[PDB]
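The structure appears below as structure tokens.
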Amino acid sequence: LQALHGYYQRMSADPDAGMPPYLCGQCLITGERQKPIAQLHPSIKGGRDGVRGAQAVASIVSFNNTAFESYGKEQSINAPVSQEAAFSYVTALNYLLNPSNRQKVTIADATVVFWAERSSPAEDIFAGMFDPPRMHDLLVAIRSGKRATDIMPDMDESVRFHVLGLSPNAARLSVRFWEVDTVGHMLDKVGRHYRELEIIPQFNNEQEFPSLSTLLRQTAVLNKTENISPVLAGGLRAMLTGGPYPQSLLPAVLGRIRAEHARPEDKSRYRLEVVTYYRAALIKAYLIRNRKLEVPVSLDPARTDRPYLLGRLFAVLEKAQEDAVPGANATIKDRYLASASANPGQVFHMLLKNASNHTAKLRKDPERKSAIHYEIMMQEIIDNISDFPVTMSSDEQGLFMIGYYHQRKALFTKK
Amino acid sequence: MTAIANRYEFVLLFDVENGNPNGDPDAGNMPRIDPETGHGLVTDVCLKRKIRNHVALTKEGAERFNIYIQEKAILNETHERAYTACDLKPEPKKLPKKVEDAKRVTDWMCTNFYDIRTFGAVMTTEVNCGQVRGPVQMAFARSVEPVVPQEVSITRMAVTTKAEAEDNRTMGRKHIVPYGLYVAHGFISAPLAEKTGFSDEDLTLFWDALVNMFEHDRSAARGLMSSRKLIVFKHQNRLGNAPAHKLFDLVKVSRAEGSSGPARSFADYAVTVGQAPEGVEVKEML
Amino acid sequence: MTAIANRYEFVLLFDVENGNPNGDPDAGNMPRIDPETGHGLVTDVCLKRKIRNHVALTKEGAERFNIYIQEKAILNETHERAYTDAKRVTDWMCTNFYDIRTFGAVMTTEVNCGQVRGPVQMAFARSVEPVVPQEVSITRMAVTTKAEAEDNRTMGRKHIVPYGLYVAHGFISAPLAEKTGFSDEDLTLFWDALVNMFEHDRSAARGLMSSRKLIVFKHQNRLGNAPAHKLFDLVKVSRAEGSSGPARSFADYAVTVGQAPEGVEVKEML
Amino acid sequence: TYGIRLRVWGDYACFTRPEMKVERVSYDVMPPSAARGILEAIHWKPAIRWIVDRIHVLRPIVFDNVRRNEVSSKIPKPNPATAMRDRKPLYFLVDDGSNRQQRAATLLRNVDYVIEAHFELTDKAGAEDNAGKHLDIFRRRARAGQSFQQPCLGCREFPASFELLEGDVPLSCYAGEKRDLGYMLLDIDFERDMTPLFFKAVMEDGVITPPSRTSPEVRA
Amino acid sequence: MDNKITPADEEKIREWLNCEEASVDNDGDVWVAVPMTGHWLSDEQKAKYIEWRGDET
């Protein structure tokens, strides 16, 4: 990239926080004619101390194989850049890759490096702004739509900002995304992203600005950083370009909810939830952005969408279960959530009958009338639905999940 | 062992009555279902396992008829058997540097173990025995009508560890399908059979296993499971005379005219097999 | 030299049941789905591979129908060559390797760049409507290493598309054929492969995949007679009136072709 | 009046950068090279050279990622005679170890362009070869949907639908925006041993106007 | 020249092939896997490698 080149030209000016070290053709980096082309580009730092995952000797341009060679040209004549440029860009990349400098973050499998076209406090902020730990006040401000100048007067928002994402391919590394927006504009876009993601916390230890890695990890095949789909990591480009999130996101979180179950190995009092705070946040973001729906931050009982009402009904049935049989190692959320959300007509009869048995047991036991309250809630929710639909769409399933999360939270210690 | 010469497709119909035909590791142990439509599923892997069990029980480890995936085997120890029987030292993590010895070890694996000869295997792990694709394939079984899995709670009047709860008994649960008819397709490939060594003896044993699959699989969680049809479509040549789907379609599964309400026995279903194309013969007699 | 006389367009509709039609190496081998629409996605080269394999099996190394780009599922028992300034070598390559004749190739070196095009061209096959793959958890009996035997069982995962009908467009340019000798025998064998692609491609992963329809728009002129994008518009693959909810078999879809302009015919091979 | 205005659009497109061919990265906009290729796919003869005046970018720029298994090597040349002196199987096995190559792609989505172009007779043009004739033939083919080959958005996997614009050009999403896209692939000068030549792609109002590929001052 | 493959080549081999696994035996034969099916490089591939080593240093 020539952006990198310009960054080298920038940092190289200062005697510190940088470094000033030093056939023919058209240099595509610079655009200067008749300059000495590099036959073999200098290497990039791989490994945990560079671009994570790639081999220590990493490269952008690499024509080691005969397939990639074109128009009769050899190892780097296919990618013609002057020697100087070759050095420059590589060096700038390496300096940004050194973790000692704050301009770096690792997302899923890709490592992100960013910079401003000239010195600005943004470069110190964006390190945490998409990996949140004054900074919290700034985040709340930009999530509110306030301009960054109101919290950091030295923030010149007319400065152009750059973000780069590199993914490892053994010795080869690939460009996954690239943004060249202005500081103010993309800061506003990140604000809008965090505004969409906003949901009431499930437990008061969860952070107010969910780190994008935590959001991605929760869709992983086993809730570990590995097994994050690289394409979903790249798709969440959508965060700071302002466009729709990848359409594979909602089916991914719904798939996790299908294939998950409450592991009691957290060893807390609570058995781990199935619709966690972060999965509900992602579903809310997808419904706000891609589907243009309206989704609240907390429960809105003054609502009349059948998917939402069914989600609330599922939540109250689950609460009735967990009150009727305390401490059990399994709950309907472990088994019937996937089929309740996708095919209500086939399963809500059995869930309602089981909830009837649960209220039966609860009535004779102590809690002799939360036995009544849950039935009142069932009355007031079922009252708005004409029929259980045969099937529900993916976004209807998203609304089901959001409603379930809302009605579950608003019912932890109502009674 | 000369290879078979004909392309075969087959349709398997099997029952379940108050049983868990295949448990889902995710939904606790609930029978696998298609969450968006409610139809029950049985992984092809499960049926392959039952076939393997049949092979092992009926041949009892006779030569050329061992099975590769067993309840307590270690795969590397089994691959070292092939390397020894080929006299090669097991190359650390690698194949033998001579391609012919690699072929010999892979063939010894194929020519001995029945289920490697049949279903194929991916043995490229530590001690490397190569790869096999398997002349035989089968798809997920899927019920002809949506199943309604019901949850049955049970109690044990004894406890394992030191406990004081028994004040109520130790609770456990079984999941069972009240009834469901499963249609499982399958495929047999001559071209790959030749490359593996799948002979008509093997094939005979195969149909045998399919017919007798469930008869020895009885367990407290399986219920009553049975094989109801094995409609085999023999093509007259190496490469078939008719598209698969065009043959599966001849096998029509419907509900009997006098049957109403939820199905609870095979008699609720009417099975009809059409006229096959002139290049195919049907042996529904299985 | 002989060659096909007319430009052809074809719309191939195939479907998968409880299988992984084409995995995504960048998404843990999950079946691809298009990020901009949610449609399932199958790369053309995935289909071209199936055509190559099927022709290799069927023509078993006949004189003019060998295949260059193989995979290690082949046999070496029988072979034969046609044996007819660098044009000689190029046309020798074309005349006896079916895949080089049909799809094109590249050779290592030339004064030129060594390109052979072939007439056939086909695009990414995408689902008619969005697909939602399901993760299937499976477990094994034995353990592979002695270390992990330290009771003993390992849990894997398989990704399946419960169902989805995929529309694969394609173009056959007669003028390209005229430079490559792609004749009507090759074209009929090609329709045969497209109809029969998935017959020999059975494996543990893909489940049941089948070619349900193959509409062929046969043009009169050596070039076309109507724009291809407007021809593809006639194949209105939409849902049968009696079906609602997820599609689980081809009966859930109703497909019809309108009257193509008078200069171009239509045939439903399937 | 004298000139062409061809519209092209498609779901996918991949105009790979020369410095990122190994792991595909696409130019934000179709380079003149690609444009030229597209134009030649409709109609072309040795006697005529296509020139791209303007390239309009109608739909907004959108990116996507696709990864494919690939082959590492070009097939080797046999010698026809020695190829049969001793009958031997000839093949290229994608499963034989080193053969297998993985190759990502950063490709565009939902492109829509209007290509303004015109003809120019090559020095080897026939004496009777009228430029107006070829103009008419190309216009006929574009109107009727005829083509030598289906034009593609860079790569054969990406066919391009096309129409001829007889009316005024439609407006772009970037109608009131300016954007410098940097140095990008103009053409390839096959006369001068096939090096690339680059231009400063300054997009304005959604329309890009590159210099003439035949300019002596661009060429060496 | 030292036309011999050694364990010191392994990173370079990896690079060349782009494979995430390499292993040189005691004599000098070489192994690779992971992006590829585990296989031994052929004599011609070894020659290619060595040429590569020499030129792209």
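As a convention, Cβ positions derive from the backbone with ideal geometry for all residues, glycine included, and neighbour counts pool all protein chains shown. Each value in this text was obtained by applying a stated rule to the coordinates, not by laboratory testing.
Which condition number in (1) crowded, with 19+ Cβ neighbours inside 10 Å; (2) away from chain C (no Cβ under 14 Å) is the one that D:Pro46 fails? The failed condition is (1). Note on the stretch C:81-139: residues that are more than 30 Å from D:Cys14 (Cβ to Cβ) and not hydrophobic (A, V, I, L, M, F, W, C) total 13.
Just wondering, is there one or more residues in the stretch C:17-33 that are surrounded by 22 or more Cβ atoms within 10 Å (Cβ to Cβ) and closer than 30 Å to C:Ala226 by Cα? No, there is no match, as no residue in the stretch C:17-33 is surrounded by 22 or more Cβ atoms within 10 Å (Cβ to Cβ) and closer than 30 Å to C:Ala226 by Cα. In the stretch A:27-50, is there at least one residue being more than 21 Å from A:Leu166 (Cβ to Cβ), hydrophobic (A, V, I, L, M, F, W, C) and in a loop (DSSP other than H, G, I, E, B)? The answer is yes, given that some residue of the stretch A:27-50 is more than 21 Å from A:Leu166 (Cβ to Cβ), hydrophobic (A, V, I, L, M, F, W, C) and in a loop (DSSP other than H, G, I, E, B). Of everything in the stretch A:166-181 that is part of a strand (DSSP E or B) and touching a helix residue (DSSP H, G or I) at 6+ places or on another chain (Cβ under 7 Å), the residue that is farthest from A:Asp109 (Cα to Cα) is A:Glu179.
Residues are listed down the side, and each one gets a yes or a no for (1) of a type in the set (S, T, N, Q); (2) within 17 Å of the chain's Cα centre (by Cα):
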{"residue": "A:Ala141", "(1), (2)": "no, no"}
{"residue": "A:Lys146", "(1), (2)": "no, no"}
{"residue": "A:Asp150", "(1), (2)": "no, no"}
{"residue": "A:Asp154", "(1), (2)": "no, no"}
{"residue": "A:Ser158", "(1), (2)": "yes, no"}
{"residue": "A:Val163", "(1), (2)": "no, yes"}
{"residue": "A:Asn169", "(1), (2)": "yes, no"}
{"residue": "A:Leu173", "(1), (2)": "no, no"}
{"residue": "A:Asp181", "(1), (2)": "no, no"}
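Given the conditions (1) in a helix (DSSP H, G or I); (2) touching a helix residue (DSSP H, G or I) at 6+ places or on another chain (Cβ under 7 Å); (3) farther than 19 Å from C:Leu165 by Cβ, and given that C:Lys50 satisfies all but one, which numbered condition is not satisfied? Failing condition for C:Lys50: (3). The residues of the stretch C:69-101 that are of a type in the set (D, E, K, R) and surrounded by fewer than 16 Cβ atoms within 10 Å (Cβ to Cβ), listed by number, are C:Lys72, C:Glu77, C:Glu80, C:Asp85, C:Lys87, C:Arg88. Of the residues making up the stretch B:25-66, those that are more than 11 Å from the chain's Cα centre (by Cα), facing chain C (nearest Cβ under 9 Å) and of a type in the set (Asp, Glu) number 3. The helices (runs of 4 or more DSSP H) found wholly in the stretch A:296-415 and carrying at least 3 residues that are within 14 Å of chain C (Cβ to nearest Cβ) and closer than 30 Å to A:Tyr245 by Cα occupy A:337-342, A:394-409.
Out of all the residues in the stretch C:1-21, which are at the interface with another protein chain (Cβ under 10 Å from one of its Cβ atoms) and outside any strand (DSSP E or B)? Scanning the stretch C:1-21 gives a single hit, C:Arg7. You will find that of C:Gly104, C:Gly114, the residue that is within 24 Å of the chain's Cα centre (by Cα), surrounded by fewer than 21 Cβ atoms within 10 Å (Cβ to Cβ) and at positive phi is C:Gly104 and no other.
Before we move on, is A:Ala3 assigned to a helix (DSSP H, G or I) and within 12 Å of chain D (Cβ to nearest Cβ)? So A:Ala3 passes the test. The number of residues in the stretch E:15-29 that are within 16 Å of D:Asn99 (Cα to Cα) and surrounded by fewer than 21 Cβ atoms within 10 Å (Cβ to Cβ) comes to 2. Against the numbered list (1) under 26 Å from C:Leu223 (Cα atoms); (2) surrounded by fewer than 20 Cβ atoms within 10 Å (Cβ to Cβ), D:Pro211 comes up short only at (1).
Tallying residues that are of a type in the set (D, E, K, R), within 10 Å of chain A (Cβ to nearest Cβ) and outside any helix (DSSP H, G or I) within the stretch E:4-20 yields 1.
State whether the residues of the stretch C:243-260 include one that is within 14 Å of chain D (Cβ to nearest Cβ), crowded, with 19+ Cβ neighbours inside 10 Å, over 19 Å from the mean Cα position of the chain (by Cα) and of a type outside the set (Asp, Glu). Yes, because at least one residue in the stretch C:243-260 is within 14 Å of chain D (Cβ to nearest Cβ), crowded, with 19+ Cβ neighbours inside 10 Å, over 19 Å from the mean Cα position of the chain (by Cα) and of a type outside the set (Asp, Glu).
Among the residues making up the stretch D:152-162, those that are crowded, with 22+ Cβ neighbours inside 10 Å and not in a loop (DSSP other than H, G, I, E, B) are D:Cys152, D:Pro159, D:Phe162.
The conditions of being closer than 24 Å to B:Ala193 by Cβ and either among the small types (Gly, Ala, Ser) or not in a loop (DSSP other than H, G, I, E, B) (or both) are met by C:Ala204.
Table: residues versus (1) part of a loop (DSSP other than H, G, I, E, B); (2) farther than 24 Å from D:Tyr12 by Cα; (3) out of contact with any strand residue (DSSP E or B) (no Cβ under 6 Å at 6 or more places or on another chain).
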residue	(1), (2), (3)
D:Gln150	yes, no, no
D:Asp168	yes, yes, yes
D:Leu181	no, no, no
D:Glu217	yes, yes, yes
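Before we move on, is C:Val136 farther than 30 Å from B:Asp44 by Cβ and in contact with a strand residue (DSSP E or B) (Cβ under 6 Å, 6 or more places away or on another chain)? When the stated conditions are applied, C:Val136 does not pass them. For the stretch A:123-131, state whether one or more residues are out of contact with any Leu (no Cβ under 9 Å at 6 or more places or on another chain) and within 14 Å of another protein chain (Cβ to nearest Cβ). No, because not a single residue in the stretch A:123-131 is out of contact with any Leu (no Cβ under 9 Å at 6 or more places or on another chain) and within 14 Å of another protein chain (Cβ to nearest Cβ).
Hey, which of the strands (runs of 3 or more DSSP E) in the stretch C:81-145, taking only ones fully inside, have at least 1 residues that are more than 9 Å from every other protein chain (Cβ to nearest Cβ) and under 30 Å from C:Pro35 (Cβ atoms)? Please lay out each step first, then the result.
Values: elements: C:120-122, C:125-127, C:134-140.
Output list reads C:120-122, C:125-127.
Only one of the listed residues (D:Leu108, D:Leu185) is in contact with a strand residue (DSSP E or B) (Cβ under 7 Å, 6 or more places away or on another chain), within 14 Å of chain C (Cβ to nearest Cβ) and either crowded, with 20+ Cβ neighbours inside 10 Å or under 30 Å from E:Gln45 (Cβ atoms) (or both). That residue is D:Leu108. In the stretch A:298-314, the residues that are surrounded by fewer than 22 Cβ atoms within 10 Å (Cβ to Cβ) reach residues that are of a type in the set (S, T, N, Q) and assigned to a loop (DSSP other than H, G, I, E, B) with C-beta atoms within less than 7 angstrom, at least six apart or across chains, in these pairs: A:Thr304/A:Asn384.
Evaluate the following for D:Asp28: is it among the acidic types (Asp, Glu), part of a loop (DSSP other than H, G, I, E, B), surrounded by fewer than 21 Cβ atoms within 10 Å (Cβ to Cβ) and more than 7 Å from every other protein chain (Cβ to nearest Cβ)? It is true that D:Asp28 is among the acidic types (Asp, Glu), part of a loop (DSSP other than H, G, I, E, B), surrounded by fewer than 21 Cβ atoms within 10 Å (Cβ to Cβ) and more than 7 Å from every other protein chain (Cβ to nearest Cβ). For the stretch D:66-76, how many residues are within 7 Å of chain C (Cβ to nearest Cβ) and surrounded by 16 or more Cβ atoms within 10 Å (Cβ to Cβ)? Of the residues in that region, 5 qualify. So in the stretch B:179-201, with the set limited to residues that are more than 14 Å from chain C (Cβ to nearest Cβ) and part of a helix (DSSP H, G or I), which one is surrounded by the fewest Cβ atoms within 10 Å (Cβ to Cβ)? Among those that are more than 14 Å from chain C (Cβ to nearest Cβ) and part of a helix (DSSP H, G or I), it is B:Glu201.
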